[PDB]
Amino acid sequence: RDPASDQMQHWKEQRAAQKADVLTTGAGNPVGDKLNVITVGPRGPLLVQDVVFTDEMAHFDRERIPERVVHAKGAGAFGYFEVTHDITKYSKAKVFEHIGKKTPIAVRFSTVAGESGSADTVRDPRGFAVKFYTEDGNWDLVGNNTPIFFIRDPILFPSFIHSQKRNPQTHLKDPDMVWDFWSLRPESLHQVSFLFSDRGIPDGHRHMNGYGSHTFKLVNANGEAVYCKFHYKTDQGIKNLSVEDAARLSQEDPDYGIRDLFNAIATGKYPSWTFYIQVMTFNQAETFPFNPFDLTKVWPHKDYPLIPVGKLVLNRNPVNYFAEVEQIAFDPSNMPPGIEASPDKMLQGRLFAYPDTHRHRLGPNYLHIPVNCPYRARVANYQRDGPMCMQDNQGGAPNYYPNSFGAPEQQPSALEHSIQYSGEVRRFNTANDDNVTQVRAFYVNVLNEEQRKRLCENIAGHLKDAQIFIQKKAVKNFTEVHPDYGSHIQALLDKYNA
């Protein structure tokens, strides 16, 4: 009797008021009997000329595409972003042009490590990907529910993902892998501390915040630029699940977040987020006491306050999930003029990985998929062909550039902003950037002892199943942040170890 459990009945109401459609093959031929197969006699074998069977059976056999290598389990919704404040002094992006402008958006939430059948309510970072359909093209802000990440170099991302997933022989989640990587890489202390905090299991997707995480770049109409951070905080309030609640729910309803989001929109409780930016000038980036492009660190609110910008509103549920959610593609490199990448190593690597994996998971022409289409921008270029090529393939337009025959032209208004760099082209070590200073501020200044104990309990509940030498180096890293942090964990580890 919930809106999700009645969707077939609601879809019906319209069909009772018509007749049914005629059942057809894929080629549109009417089917006379699709409940019984063609055989010679009632007890005879099946015949090849039963095309109706093979046509439907062969499409069933190809229903599955590869799930996302990460963030495989998720839920999608649609709505709009509305400007509420003028930040045209920082970014000339059309999406910020004037107060009151609405831009259609697509959103997909997710976990990270679990695959397409896992539970929603498990401890994991929560993906929060937003796709803005602007006139200067699509702007993908592929954020998640934390301002930081576990690593600061993108070449370590496949290893970290491997360590979070299944053992390659046993196919089991391996704590030895999980904490051997985290202990050997102490830059994860910051996001690990956030991961095992209360915010590690949000109460559905509507009660959590979202962050672009990376430092980005904004460019105004004068060609001047600043660096920035994208925040969108829930208007529904920060709400989490205790580990007792999510465990029950992980079995009771592994699709808790999907059901919650669909039911909420289906009854008009349209969720919303307030969209902010932090701004840091180039001079301020030269005097920041850390690397401003270090994904393990936040811009403190005192020195870089939140400037409000707008509002994210989700008011439409997907009609077909596979078409509109499973096949949606977010590319962090989808950035319209007035918004550019920073030299954040992690973001730099993301600029390659997403279109690369999307050409594998979906296909070379994945931007032709309806939800991925920049349907508010006029696409015209010199790319042609590819498997599953749709529309007119830009027809008979000349396919080489430059040309003398009227094909599209570049326009200097969309050219990037120039930055001077100097240095050797090599691999600079960032393993020993500051790993504990901002974490100590998190352990002492952000949490109460009620949250400190739950956090130390949350880590010890899972680290206990790793090897003792791993716990040694793990605790060693927590004591460098706070001796309270380590010894608190160490006592609880002494408990499970007996």
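Residue indices: 1-based, along the sequence shown.
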Requested in this report: Between 256-264 and 411-419, name whichever shows the higher mean Cα B factor according to the PDB entry.
Outcome: 411-419
Report task. Between 157-165 and 235-243, point out the one with the higher average CA B-factor as the PDB entry records it. Result -> 235-243
Requested in this report: Specify which of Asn429, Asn29, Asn36, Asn448 carries the largest Cα B factor in the deposited PDB entry.
Outcome: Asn448
Report summary line: Of the residues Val51, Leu46, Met57, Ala441, the one whose Cα carries the largest B-factor in the deposited record is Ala441
Report task. Could you say whether, by C-alpha temperature factor, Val22 belongs to the lowest, middle or highest third of its chain? Result -> middle
**Report entry** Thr111 by Cα B-factor - lowest, middle or highest third of the modelled chain
**Finding:** lowest
Requested in this report: Would you mind checking where the Cα B-factor of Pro308 ranks among the modelled residues of its chain, as the lowest, middle or highest third?
Outcome: middle
Report summary line: Sorting the chain's modelled residues by C-alpha B-factor and splitting them into thirds places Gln284 in the highest
Query raised in the report: By the record's CA B-factor, is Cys456 among the lowest, middle or highest third of residues in the chain?
Result: highest
